[PDB]
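# Structure assessment
Here's the letter readout for the chains.
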Amino acid sequence: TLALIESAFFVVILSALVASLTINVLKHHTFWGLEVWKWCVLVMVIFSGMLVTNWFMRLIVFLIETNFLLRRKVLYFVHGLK
């Protein structure tokens, strides 16, 4: 539910940013003295940073699990500080 909504919002933001980069029509509009593309990119980054960080943490955990390291203290620290 919540995860699906966040993923859909991130996908929509990415598609809008790609369209703005490819099409200069959107760039012709500016808000508060700033280009619309910059604001769209900032909003997309704000709304997708959580998902990006979660994916990065999952990848790091997967890499650590495949690694030969098996110390209990290191695993506990990683789990606590993730």
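Residues numbered from 1 in each chain as written, not as in the entry; some residues may be left out. Part of a larger assembly, values for the part shown. Heavy atoms only, no water. Residues with missing side-chain atoms left out of burial classes, pairs and counts.

As documented in the archive entry, the model was determined using cryo-EM at 3.5 Å resolution.

### Focus: the overall build of the protein chain
Inclusion rule: Runs of E in the DSSP output that reach at least two residues are strands. Runs of H or I that reach at least four are helices, and both are numbered from the N terminus. For the radius of gyration, the atom set is restricted to C-alpha positions; the globular benchmark scales as 2.2 Å times the number of residues to the power 0.38.
Scanning the protein chain from terminus to terminus reveals four helices and two strands. When the helices and strands of the protein chain are placed in sequence order, the string is α-α-β-β-α-α. Here the C-alpha radius of gyration of the protein chain, 19 Å, is well above what a compact globule of 82 residues would show, namely 12 Å. In terms of overall dimensions, the protein chain has C-alpha extents of about 55 × 25 × 20 Å along its principal axes.

### Regarding unusual backbone geometry
Positive phi is not limited to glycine here, since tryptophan 32 has a value of about 55°. Counting through the fold element by element, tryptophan 32 comes out in the loop between β1 (30–31) and β2 (34–35).

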